[PDB]
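J.: Starting off with a structure, shown below.
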Amino acid sequence: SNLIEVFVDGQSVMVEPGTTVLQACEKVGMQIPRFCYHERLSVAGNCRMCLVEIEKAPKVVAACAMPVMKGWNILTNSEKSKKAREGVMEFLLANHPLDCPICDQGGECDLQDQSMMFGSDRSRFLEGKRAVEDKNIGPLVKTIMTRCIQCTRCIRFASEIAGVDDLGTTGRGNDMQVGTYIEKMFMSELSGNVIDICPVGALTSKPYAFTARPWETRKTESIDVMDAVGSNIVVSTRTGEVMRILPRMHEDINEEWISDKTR
Amino acid sequence: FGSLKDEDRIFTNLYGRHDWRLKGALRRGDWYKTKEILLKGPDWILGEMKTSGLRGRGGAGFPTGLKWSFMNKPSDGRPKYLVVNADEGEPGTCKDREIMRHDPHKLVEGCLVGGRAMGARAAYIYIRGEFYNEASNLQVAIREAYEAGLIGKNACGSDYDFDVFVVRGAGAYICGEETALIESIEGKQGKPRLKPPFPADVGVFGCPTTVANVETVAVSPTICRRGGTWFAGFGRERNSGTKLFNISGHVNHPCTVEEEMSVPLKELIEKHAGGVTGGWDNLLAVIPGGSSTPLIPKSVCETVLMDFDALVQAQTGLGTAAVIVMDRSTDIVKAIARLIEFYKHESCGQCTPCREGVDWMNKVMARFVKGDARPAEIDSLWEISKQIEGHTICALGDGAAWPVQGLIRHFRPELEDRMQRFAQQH
Amino acid sequence: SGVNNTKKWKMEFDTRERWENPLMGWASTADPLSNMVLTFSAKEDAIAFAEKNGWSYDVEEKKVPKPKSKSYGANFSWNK
Amino acid sequence: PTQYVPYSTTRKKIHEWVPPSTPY
Amino acid sequence: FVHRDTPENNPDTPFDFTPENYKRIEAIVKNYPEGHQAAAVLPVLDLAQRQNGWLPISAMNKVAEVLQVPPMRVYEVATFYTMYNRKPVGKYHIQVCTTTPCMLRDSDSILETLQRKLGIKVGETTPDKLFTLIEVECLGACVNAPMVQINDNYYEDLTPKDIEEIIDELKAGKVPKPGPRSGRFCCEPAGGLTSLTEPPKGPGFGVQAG
Amino acid sequence: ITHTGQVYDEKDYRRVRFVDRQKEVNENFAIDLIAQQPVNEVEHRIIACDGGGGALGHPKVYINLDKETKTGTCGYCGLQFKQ
Amino acid sequence: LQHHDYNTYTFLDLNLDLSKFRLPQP
Amino acid sequence: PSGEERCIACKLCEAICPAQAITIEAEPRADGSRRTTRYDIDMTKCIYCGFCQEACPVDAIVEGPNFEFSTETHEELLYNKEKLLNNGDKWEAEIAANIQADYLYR
Ligand SMILES: Cc1cc2nc3c(=O)[nH]c(=O)nc-3n(C[C@H](O)[C@H](O)[C@H](O)COP(=O)(O)O)c2cc1C
Ligand code: SF4
Ligand code: SF4
Ligand code: SF4
Ligand code: SF4
Ligand code: FES
Ligand code: FES
Ligand SMILES: [Zn+2]
């Protein structure tokens, strides 16, 4: 009961009714390339980098969004769903400022990888790029937001996981900038999580600005002692001094989030 | 074959000529069988539109009856609603500005006739804020109607209850979109919602909701008064009924005439309206449904008939049926270029494809008008065009790609020459 | 957000001294088994490696994200 | 066309508490 | 899209709905569904614009206050729509339609004339702070293409000269006969009324049976 | 002394090294050299920064000199641009 | 010529006048 | 030219060095810019592959023409940022000419 059978490339996985197309691929084990979709954040559909092709259907569907229906076989590696990613990645990269050797989310980029695995070998954007104006969101998060792919996960977290409801989108067109309209710092606990949740390195951590680069960091899994929730955390150490503490997921205690104090 | 009789023409008050106010409306006899119709039943009203086979009078074409049928499902304890979008941001849609301004009442009874068909508790009319004066006209008309008791609880001396409201638009073409009209009504930013939760099941203030082009709501009463058949006959096959046609640009007498559908394209400029300025051979191209639809060159124009499917066969859309005509005296490369400028100044930016893609085509299109860009880039624009066509959250990205596709499809040699012209002078 | 590095089990030896080097300030280590992390496909096989090689082991159960119900329609609910 | 000495240039990584010079 | 507080445009400029305005505010709410006030931010934001064209940061904060919504929520609405002005607006605020339909029918023509008459660049207020010119997009009413909306006046079918005439009317006196200054009523084939030149059938005409 | 002021100290057990052999330090420290660089005035809202010489310069970056309040500084050259 | 002249508050104030008619809220 | 050292501490010269020779640790300079506090090429460890020349985005680290740097003591061969920057200043004129000649090829 309550177990539709949907095929992910003919694997007949069975899922509860109401599971998204992206979720159906996960249980088979396939990963839809995704931006703007975080498990504990509301589905928004902003990036549409997850377009897949349900069989016998005219258009490709939004994985994170379409509730999978009965007997719709998902074709995640079709000739179409790759042109639906080879052509989106064309766009995200087109307005992107190539300062990857500045972006300290160098190896921690969910946008170079997906470009480097699912995107395109070369660029055709012979036109000019855009630039936004760096502002102050506080003393912990450095928002070099010319990096932003307008994926609205910050505006969600800042409203849904934390109740700040401050960060918001401002304007329309290609100069929609997701920054506080008036310059009011994002002061709240749970603040630093925005860093971890922005896949782009637009806003990153200001103390850990340029002290390291992720491939080097040796990662040891340990426990938060600053507060009594005992949140799980990963201490990233390079050559013997701790460089960053970022969250590691514990369903029951800290589910992917850690306090501003303990990082 | 068009040439609809004045009697058949639903919007008689078009052009005014008859008091747009109630007493003019009574001479029009717009509120003649309203009590009877509602009495017949909601099921009787939808039978009338199903028999009519009316297609959406807004840019998208879908059976009107089936769309209304969807939220005719039993209420789940949430009040069902009616949303009438009087916004018409698309260029050449002065189509709606008429009914609203000239014949506000027709739409008022369209609202309650339509309301009982969907069992809507109330209807909100989103007239674009640009039209402030237009708003002044409708609520004067809405105020008259309630004073009469035509609308309100126990509307038209019947069990059914309806309330009609007017909402201020704020200069956004996208507000027009069905999921985005709602969000503007909801008071959040006008950003289209996603497709899976159809507006029937979720909607305005999260209650069941339906959205209709003002023409679609307005034609409802008559379609029921005249019967689906009368209306059904004028149309062609799936296509059916008279839809207002607006002809603007390079025509001797630009005007909106509600002449019959399935009109030869050559005939409507030649017979009504004004023959193409400069002669029917001075036609570089025709935009049938407005900016969103691809323009068709004169080659096929005469052969074409104005129907939703007809244009489809032709690779173009009837859309709002706004005919924009371009003489041989126009730089199309720049004409379509401003429509892409029309869309960069307007798309919400919620979705990656449209945001960067429409801006990307705008930059390439501006270079194309100058001729700075090389000939090979043209194909890229096409390729950029279809990336945006199937990947967008709403249809506007659908709409931005089509004019670009039309320019490359029929006017590829001209753009190459502009390419060539700049290369020669160095 | 990629999960391709959370698939195979790994057994890692305990961390040891990393004193600073006086001449150049480079990190210096006296523990040979430090950088060695062996990768084993299943928990049973990794436990076996520890037993026959005689190293002490303390296995940690895999913790995988719990299924989470999501639906775009749900947040549009003004009610909640 | 018409003896070095190597050293670490980084700072002290772990600063050390200094005892209070005030006796108690 | 960033409000860098300025002495003129910043909350020091106190904003409050006139006793009359506040009245207007409430009725609107009822128009929307009960338990729903947030939906009225736009209509309200519009009355703040009606009160004052500038609508500074102070005014938006009041809107959020009256409507009890996250302030940002109001800031996002104001930024998204062009109807709202977050900067001071000229008394007349003319806007010229320059989409392809109007351009094809000469919209550009009008622009050059208006720039010279106002003797100012396109996009800014006259020194007299008398008029403000902006190149707005399709304002509807295309059948009448030459067009220039002035505070809703929506003049139409205008030939370059006509505007100069209108502008003068605005410059000395008021209410310069807003509307199509042409000889065609509302939208009508310039030739006449081919659509319906007969008299309109009366009530219950040929009403189908059933 | 050096860029980040490395100062093996009077009490360090490493300052022993320089005895009878000099230390490697830099004149024309860079920290002050770009500060000595004039602010590149521009007309456009946004400007590029090839670093000078294209392939020989740096990844090309577009800086937003949009606020006179701040002279954009390409993260690569440290060149301030005066709107 | 009603269209020819209306005040900035016509839409809102007219609406308020209609409030009385407006059917009860949800 | 201005006088700002080219390196911006992206540290991929460290990543691609085959011998583990280059050691880089960085921190934001007061200017706010990104610079390397310590850059140490251990030349005895280095096998002169020339990939670092390849990898650098700003092309800050280059394989200079001089081959005659034989040293009496092992410590002299270890090179910190100051020796390399000094090496860069001494040979910049020829390095610039050499990169000028070969950049089209790369
Ligand atoms: C970008 C965009 C703008 C739109 N603008 C309008 C509009 O101004 N008026 C309108 O009636 N429909 C507009 N639509 C179509 C509506 O979303 C909706 O499909 C239509 O109004 C339904 O009317 P109908 O079903 O009665 O034909 C627009 C769609 C898109 C994607
Ligand atoms: S985000 Fe930082 S790293 Fe990822 S691509 Fe853009 S710049 Fe390079
Ligand atoms: S900041 Fe990071 S998260 Fe917020 S939108 Fe830009 S990218 Fe998405
Ligand atoms: S397409 Fe994407 S961006 Fe353009 S309007 Fe529809 S949603 Fe907003
Ligand atoms: S040397 Fe070139 S590569 Fe190595 S860090 Fe400095 S800049 Fe990045
Ligand atoms: S990941 Fe598919 S919608 Fe953002
Ligand atoms: S484009 Fe000027 S009004 Fe339609
Ligand atoms: Zn630079």
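For the structure tokens, the naming scheme is as follows: chains receive sequential letters (A, B, ...) according to their order of presentation, residues are indexed from 1 within each chain, and ligands are indexed from 1 in presentation order.
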May I have the residues within 10 Å of ligand 2, computed using only C-alpha atoms and all ligand atoms, as a VMD selection string?

T.: chain A and resid 92 to 93 95 to 115 144 146 to 149 198 to 204

J.: Give me the residues within 10 Å of residue 40 (chain A) as a PyMOL selection string, counting only C-alpha atoms and dropping any in the same chain fewer than 3 places off.

T.: (chain A and resi 37+43+156-157+160-161+255-256) or (chain C and resi 68-70)

J.: For ligand 7, collect every residue having any atom at a distance of at most 6 Å from a ligand atom (counting only C-alpha atoms and all ligand atoms); output as a list in words.

T.: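 Residues satisfying the distance criterion: residues 91 and 92 of chain B; 97, 98, 99, 101, 102, 138, 139, 140, 141, 142 and 145 of chain E.
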
J.: Using N, CA, C and O atoms, can you write the selected residues to a file as an mmCIF file, in the first residue's frame?

T.:
data_model
loop_
_atom_site.group_PDB
_atom_site.id
_atom_site.type_symbol
_atom_site.label_atom_id
_atom_site.label_comp_id
_atom_site.auth_asym_id
_atom_site.auth_seq_id
_atom_site.Cartn_x
_atom_site.Cartn_y
_atom_site.Cartn_z
ATOM 1 N N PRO B 91 2.643 43.230 -25.973
ATOM 2 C CA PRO B 91 2.431 44.288 -26.954
ATOM 3 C C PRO B 91 1.297 43.911 -27.916
ATOM 4 O O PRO B 91 1.210 42.757 -28.302
ATOM 5 N N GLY B 92 0.448 44.882 -28.255
ATOM 6 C CA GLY B 92 -0.680 44.640 -29.169
ATOM 7 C C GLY B 92 -1.919 44.082 -28.499
ATOM 8 O O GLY B 92 -2.927 43.895 -29.199
ATOM 9 N N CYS E 97 6.276 55.121 -24.256
ATOM 10 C CA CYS E 97 6.243 53.675 -24.602
ATOM 11 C C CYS E 97 7.180 53.432 -25.783
ATOM 12 O O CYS E 97 6.965 54.061 -26.829
ATOM 13 N N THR E 98 8.168 52.551 -25.618
ATOM 14 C CA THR E 98 9.164 52.339 -26.697
ATOM 15 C C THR E 98 9.281 50.856 -27.043
ATOM 16 O O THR E 98 10.380 50.446 -27.451
ATOM 17 N N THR E 99 8.208 50.079 -26.884
ATOM 18 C CA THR E 99 8.267 48.661 -27.331
ATOM 19 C C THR E 99 8.158 48.657 -28.858
ATOM 20 O O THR E 99 7.827 49.719 -29.418
ATOM 21 N N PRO E 101 5.910 47.744 -31.076
ATOM 22 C CA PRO E 101 4.690 48.226 -31.721
ATOM 23 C C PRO E 101 4.747 49.750 -31.833
ATOM 24 O O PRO E 101 4.554 50.265 -32.916
ATOM 25 N N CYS E 102 5.045 50.424 -30.724
ATOM 26 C CA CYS E 102 5.073 51.911 -30.719
ATOM 27 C C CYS E 102 6.244 52.402 -31.580
ATOM 28 O O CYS E 102 6.050 53.367 -32.341
ATOM 29 N N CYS E 138 6.000 48.573 -22.834
ATOM 30 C CA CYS E 138 4.605 48.545 -23.286
ATOM 31 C C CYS E 138 3.630 48.953 -22.192
ATOM 32 O O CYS E 138 3.561 48.311 -21.151
ATOM 33 N N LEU E 139 2.872 50.016 -22.431
ATOM 34 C CA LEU E 139 1.913 50.492 -21.448
ATOM 35 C C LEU E 139 0.520 50.118 -21.871
ATOM 36 O O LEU E 139 -0.450 50.717 -21.436
ATOM 37 N N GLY E 140 0.398 49.145 -22.752
ATOM 38 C CA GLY E 140 -0.919 48.813 -23.248
ATOM 39 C C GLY E 140 -1.380 49.925 -24.151
ATOM 40 O O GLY E 140 -0.706 50.940 -24.267
ATOM 41 N N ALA E 141 -2.538 49.769 -24.773
ATOM 42 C CA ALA E 141 -2.991 50.767 -25.728
ATOM 43 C C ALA E 141 -1.960 50.882 -26.826
ATOM 44 O O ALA E 141 -1.257 51.882 -26.916
ATOM 45 N N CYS E 142 -1.846 49.842 -27.639
ATOM 46 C CA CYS E 142 -0.903 49.854 -28.746
ATOM 47 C C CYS E 142 -1.565 50.320 -30.027
ATOM 48 O O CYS E 142 -0.960 51.050 -30.800
ATOM 49 N N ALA E 145 -0.371 53.832 -31.003
ATOM 50 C CA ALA E 145 1.034 53.556 -30.675
ATOM 51 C C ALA E 145 1.813 54.741 -30.137
ATOM 52 O O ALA E 145 2.320 54.692 -29.016
#

J.: Need to verify the contact set: residue 258 (chain A), 10 Å, only C-alpha atoms, exclusion of same-chain residues closer than 5 positions in sequence. Can you return it as a ChimeraX atom specification?

T.: /A:189-193,224,229-233,245-249,253,263

J.: Looking only at the backbone, which of the residues in region 262-327 of chain B does DSSP tag as strand (DSSP E), as a ChimeraX atom specification?

T.: /B:285-287,322-326

J.: Please report the interatomic distance between CA of residue 179 (chain A) and CA of residue 350 (chain B) in Å with one decimal.

T.: 14.9 Å

J.: Could you name the residues that touch residue 56 (chain H) at 10 Å or less, counting only C-alpha atoms, but leaving out those on the same chain fewer than 6 positions away, as a ChimeraX atom specification?

T.: /A:101 /F:58 /H:6-14,16,62

J.: What's around region 21-23 of chain G at 9 Å? Count only C-alpha atoms, leave out sequence neighbours fewer than 4 positions away in its own chain, and write the answer as a PyMOL selection string.

T.: (chain B and resi 122+143+146-147+152-153+161-165) or (chain E and resi 30-31) or (chain G and resi 17)

J.: Write out, as a PDB file, in the first residue's frame, the residues just selected, with N, CA, C and O atoms.

T.:
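Saved the output as again16.pdb:
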ATOM      1  N   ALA B 122     -15.788  34.039  -4.606  1.00  0.00           N
ATOM      2  CA  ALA B 122     -15.625  35.451  -5.024  1.00  0.00           C
ATOM      3  C   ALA B 122     -14.635  35.567  -6.189  1.00  0.00           C
ATOM      4  O   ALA B 122     -13.870  34.611  -6.406  1.00  0.00           O
ATOM      5  N   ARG B 143     -19.974  48.771  -8.792  1.00  0.00           N
ATOM      6  CA  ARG B 143     -20.814  49.440  -7.765  1.00  0.00           C
ATOM      7  C   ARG B 143     -22.260  49.505  -8.261  1.00  0.00           C
ATOM      8  O   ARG B 143     -23.170  49.254  -7.453  1.00  0.00           O
ATOM      9  N   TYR B 146     -24.078  45.862  -7.869  1.00  0.00           N
ATOM     10  CA  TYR B 146     -24.506  45.470  -6.529  1.00  0.00           C
ATOM     11  C   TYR B 146     -25.671  46.318  -6.085  1.00  0.00           C
ATOM     12  O   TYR B 146     -26.605  45.818  -5.467  1.00  0.00           O
ATOM     13  N   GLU B 147     -25.607  47.610  -6.357  1.00  0.00           N
ATOM     14  CA  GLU B 147     -26.648  48.588  -5.950  1.00  0.00           C
ATOM     15  C   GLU B 147     -27.885  47.877  -6.502  1.00  0.00           C
ATOM     16  O   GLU B 147     -28.874  47.746  -5.756  1.00  0.00           O
ATOM     17  N   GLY B 152     -23.316  40.059  -5.350  1.00  0.00           N
ATOM     18  CA  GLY B 152     -23.405  40.131  -3.880  1.00  0.00           C
ATOM     19  C   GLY B 152     -24.042  38.830  -3.435  1.00  0.00           C
ATOM     20  O   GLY B 152     -24.283  37.970  -4.299  1.00  0.00           O
ATOM     21  N   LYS B 153     -24.282  38.674  -2.134  1.00  0.00           N
ATOM     22  CA  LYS B 153     -25.008  37.451  -1.667  1.00  0.00           C
ATOM     23  C   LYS B 153     -26.418  37.375  -2.234  1.00  0.00           C
ATOM     24  O   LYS B 153     -27.015  38.456  -2.412  1.00  0.00           O
ATOM     25  N   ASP B 161     -24.122  32.875  -3.890  1.00  0.00           N
ATOM     26  CA  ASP B 161     -23.396  34.109  -3.480  1.00  0.00           C
ATOM     27  C   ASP B 161     -22.059  34.430  -4.134  1.00  0.00           C
ATOM     28  O   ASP B 161     -21.262  33.484  -4.283  1.00  0.00           O
ATOM     29  N   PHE B 162     -21.840  35.676  -4.572  1.00  0.00           N
ATOM     30  CA  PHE B 162     -20.599  36.036  -5.303  1.00  0.00           C
ATOM     31  C   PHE B 162     -20.206  37.447  -4.868  1.00  0.00           C
ATOM     32  O   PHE B 162     -21.114  38.250  -4.604  1.00  0.00           O
ATOM     33  N   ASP B 163     -18.906  37.743  -4.793  1.00  0.00           N
ATOM     34  CA  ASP B 163     -18.462  39.142  -4.534  1.00  0.00           C
ATOM     35  C   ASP B 163     -17.335  39.376  -5.541  1.00  0.00           C
ATOM     36  O   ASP B 163     -16.534  38.457  -5.738  1.00  0.00           O
ATOM     37  N   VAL B 164     -17.297  40.544  -6.186  1.00  0.00           N
ATOM     38  CA  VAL B 164     -16.271  40.784  -7.244  1.00  0.00           C
ATOM     39  C   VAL B 164     -15.371  41.909  -6.730  1.00  0.00           C
ATOM     40  O   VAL B 164     -15.918  42.886  -6.182  1.00  0.00           O
ATOM     41  N   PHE B 165     -14.055  41.762  -6.888  1.00  0.00           N
ATOM     42  CA  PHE B 165     -13.103  42.760  -6.330  1.00  0.00           C
ATOM     43  C   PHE B 165     -12.151  43.160  -7.455  1.00  0.00           C
ATOM     44  O   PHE B 165     -11.996  42.372  -8.393  1.00  0.00           O
TER      45      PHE B 165
ATOM     46  N   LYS E  30     -10.036  44.484   4.190  1.00  0.00           N
ATOM     47  CA  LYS E  30     -11.251  43.699   4.151  1.00  0.00           C
ATOM     48  C   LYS E  30     -11.501  43.196   2.750  1.00  0.00           C
ATOM     49  O   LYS E  30     -12.120  42.152   2.565  1.00  0.00           O
ATOM     50  N   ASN E  31     -11.030  43.941   1.757  1.00  0.00           N
ATOM     51  CA  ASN E  31     -11.232  43.524   0.381  1.00  0.00           C
ATOM     52  C   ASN E  31     -10.599  42.167   0.255  1.00  0.00           C
ATOM     53  O   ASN E  31     -11.188  41.245  -0.305  1.00  0.00           O
TER      54      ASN E  31
ATOM     55  N   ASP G  17     -16.196  52.679  -0.588  1.00  0.00           N
ATOM     56  CA  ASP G  17     -17.631  52.865  -0.682  1.00  0.00           C
ATOM     57  C   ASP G  17     -18.282  51.521  -0.944  1.00  0.00           C
ATOM     58  O   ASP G  17     -19.346  51.222  -0.403  1.00  0.00           O
TER      59      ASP G  17
END

J.: What residues in chain C lie within 12 Å of chain F, counting only C-alpha atoms, written as a PyMOL selection string?

T.: chain C and resi 21-25

J.: Could you give me, as a short mmCIF file (atom, residue, chain, number, x, y, z; two decimals) with N, CA, C and O atoms, in the first residue's frame, every polymer residue with an atom at most 12 Å away from an atom of ligand 8, counting only C-alpha atoms and all ligand atoms?

T.:
data_model
loop_
_atom_site.label_atom_id
_atom_site.label_comp_id
_atom_site.auth_asym_id
_atom_site.auth_seq_id
_atom_site.Cartn_x
_atom_site.Cartn_y
_atom_site.Cartn_z
N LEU A 98 35.10 34.68 -12.87
CA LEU A 98 36.06 33.60 -12.71
C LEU A 98 37.22 34.11 -11.86
O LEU A 98 38.21 34.67 -12.33
N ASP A 99 37.03 33.92 -10.55
CA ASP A 99 37.99 34.17 -9.49
C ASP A 99 37.98 32.90 -8.47
O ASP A 99 37.73 32.88 -7.26
N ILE A 102 40.38 32.93 -6.13
CA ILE A 102 40.02 33.74 -4.97
C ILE A 102 38.94 33.05 -4.15
O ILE A 102 38.91 33.16 -2.92
N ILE F 34 51.18 48.67 -4.28
CA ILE F 34 49.89 49.01 -4.91
C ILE F 34 49.26 50.20 -4.22
O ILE F 34 48.56 50.98 -4.84
N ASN F 40 42.72 53.93 -10.89
CA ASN F 40 42.33 53.97 -12.29
C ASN F 40 40.92 54.49 -12.48
O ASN F 40 39.95 53.76 -12.28
N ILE F 47 34.05 47.59 -14.92
CA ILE F 47 35.28 47.59 -15.71
C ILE F 47 35.98 46.26 -15.61
O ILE F 47 35.76 45.52 -14.66
N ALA F 48 36.83 45.93 -16.57
CA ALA F 48 37.55 44.66 -16.57
C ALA F 48 38.88 44.83 -15.90
O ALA F 48 39.23 45.94 -15.53
N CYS F 49 39.66 43.77 -15.79
CA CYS F 49 41.00 43.90 -15.26
C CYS F 49 41.80 42.70 -15.70
O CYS F 49 41.96 41.76 -14.96
N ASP F 50 42.32 42.74 -16.92
CA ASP F 50 43.07 41.63 -17.45
C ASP F 50 44.35 41.47 -16.68
O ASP F 50 45.05 40.49 -16.84
N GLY F 51 44.67 42.45 -15.86
CA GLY F 51 45.92 42.42 -15.14
C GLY F 51 46.94 43.08 -16.01
O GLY F 51 48.04 43.39 -15.56
N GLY F 52 46.58 43.29 -17.27
CA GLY F 52 47.47 43.98 -18.18
C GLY F 52 48.23 43.03 -19.07
O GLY F 52 49.22 42.45 -18.65
N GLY F 53 47.77 42.88 -20.30
CA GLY F 53 48.48 42.04 -21.25
C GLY F 53 47.76 40.76 -21.59
O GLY F 53 48.31 39.89 -22.26
N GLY F 54 46.52 40.63 -21.15
CA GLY F 54 45.75 39.46 -21.50
C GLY F 54 46.38 38.19 -21.01
O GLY F 54 46.60 38.04 -19.82
N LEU F 56 49.03 37.26 -20.50
CA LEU F 56 50.16 37.42 -19.61
C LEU F 56 49.72 38.02 -18.29
O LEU F 56 50.48 38.06 -17.34
N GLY F 57 48.48 38.46 -18.23
CA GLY F 57 47.97 39.06 -17.02
C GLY F 57 47.24 38.03 -16.20
O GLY F 57 47.73 36.93 -16.04
N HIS F 58 46.07 38.38 -15.70
CA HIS F 58 45.36 37.45 -14.84
C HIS F 58 43.96 37.09 -15.31
O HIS F 58 43.41 37.65 -16.25
N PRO F 59 43.40 36.07 -14.69
CA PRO F 59 42.04 35.78 -15.06
C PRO F 59 41.28 37.08 -15.19
O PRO F 59 41.35 37.89 -14.29
N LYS F 60 40.56 37.30 -16.28
CA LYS F 60 39.86 38.57 -16.50
C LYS F 60 38.67 38.73 -15.62
O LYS F 60 37.74 37.94 -15.69
N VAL F 61 38.67 39.77 -14.81
CA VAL F 61 37.58 39.98 -13.88
C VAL F 61 36.91 41.32 -14.06
O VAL F 61 37.59 42.32 -14.30
N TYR F 62 35.59 41.37 -13.96
CA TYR F 62 34.86 42.61 -14.14
C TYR F 62 34.52 43.21 -12.78
O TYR F 62 33.81 42.58 -12.01
N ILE F 63 35.01 44.41 -12.49
CA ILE F 63 34.81 45.00 -11.13
C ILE F 63 33.71 46.05 -11.20
O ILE F 63 33.64 46.75 -12.22
N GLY F 72 36.60 49.93 -6.53
CA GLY F 72 36.68 48.50 -6.70
C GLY F 72 38.12 48.08 -6.78
O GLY F 72 38.94 48.78 -7.36
N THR F 73 38.44 46.93 -6.20
CA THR F 73 39.80 46.46 -6.20
C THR F 73 39.87 45.06 -6.76
O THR F 73 39.38 44.13 -6.14
N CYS F 74 40.47 44.89 -7.94
CA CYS F 74 40.43 43.50 -8.47
C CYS F 74 41.16 42.61 -7.48
O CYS F 74 42.28 42.96 -7.09
N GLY F 75 40.54 41.51 -7.08
CA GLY F 75 41.13 40.66 -6.04
C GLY F 75 42.50 40.16 -6.44
O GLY F 75 43.18 39.59 -5.58
N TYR F 76 42.88 40.36 -7.70
CA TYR F 76 44.16 39.80 -8.17
C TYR F 76 45.26 40.87 -8.18
O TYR F 76 46.38 40.53 -7.79
N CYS F 77 44.97 42.10 -8.62
CA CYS F 77 46.04 43.14 -8.76
C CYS F 77 46.07 44.10 -7.58
O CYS F 77 47.07 44.79 -7.42
N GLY F 78 45.00 44.18 -6.81
CA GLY F 78 44.94 45.14 -5.73
C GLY F 78 44.91 46.54 -6.30
O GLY F 78 45.31 47.49 -5.63
N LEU F 79 44.43 46.68 -7.53
CA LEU F 79 44.33 48.00 -8.14
C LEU F 79 42.99 48.63 -7.86
O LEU F 79 41.96 48.07 -8.21
N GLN F 80 43.00 49.80 -7.23
CA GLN F 80 41.76 50.50 -6.93
C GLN F 80 41.31 51.30 -8.13
O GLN F 80 42.11 51.97 -8.77
N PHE F 81 40.02 51.22 -8.45
CA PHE F 81 39.51 51.93 -9.60
C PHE F 81 38.52 53.00 -9.17
O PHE F 81 37.55 52.69 -8.47
N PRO H 1 54.02 44.68 -12.67
CA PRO H 1 54.83 45.88 -12.82
C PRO H 1 54.65 46.82 -11.66
O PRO H 1 55.63 47.25 -11.07
N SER H 2 53.42 47.12 -11.31
CA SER H 2 53.12 48.10 -10.24
C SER H 2 54.02 47.80 -9.05
O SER H 2 54.54 48.75 -8.45
N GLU H 4 53.10 44.72 -7.05
CA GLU H 4 52.33 43.86 -6.17
C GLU H 4 52.67 42.44 -6.53
O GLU H 4 52.52 42.05 -7.67
N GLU H 5 53.12 41.63 -5.56
CA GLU H 5 53.58 40.28 -6.00
C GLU H 5 52.47 39.52 -6.71
O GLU H 5 51.32 39.64 -6.27
N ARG H 6 52.71 38.80 -7.78
CA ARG H 6 51.58 38.17 -8.49
C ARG H 6 50.86 37.12 -7.68
O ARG H 6 49.64 37.06 -7.72
N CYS H 7 51.57 36.27 -6.96
CA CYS H 7 50.84 35.18 -6.25
C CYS H 7 49.65 35.63 -5.40
O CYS H 7 49.80 36.60 -4.64
N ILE H 8 48.52 34.93 -5.53
CA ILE H 8 47.31 35.24 -4.73
C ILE H 8 46.99 33.99 -3.91
O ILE H 8 45.81 33.73 -3.68
N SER H 33 43.50 41.95 0.76
CA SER H 33 43.80 41.08 -0.36
C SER H 33 44.27 39.75 0.15
O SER H 33 44.43 39.56 1.34
N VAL H 58 47.83 33.10 -12.27
CA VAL H 58 48.35 34.49 -12.42
C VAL H 58 49.77 34.21 -12.91
O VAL H 58 50.49 35.17 -13.22
#

J.: Counting only C-alpha atoms and all ligand atoms, what residues are within 8 Å of ligand 6, given as number ranges by chain?

T.: A: 22, 32-37, 43-51, 62-65, 151

J.: Which one is closest to residue 2 (chain F): D:1, D:24, D:17, D:7? Count only C-alpha atoms.

T.: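 Counting only C-alpha atoms, the residue closest to residue 2 (chain F) is D:7.
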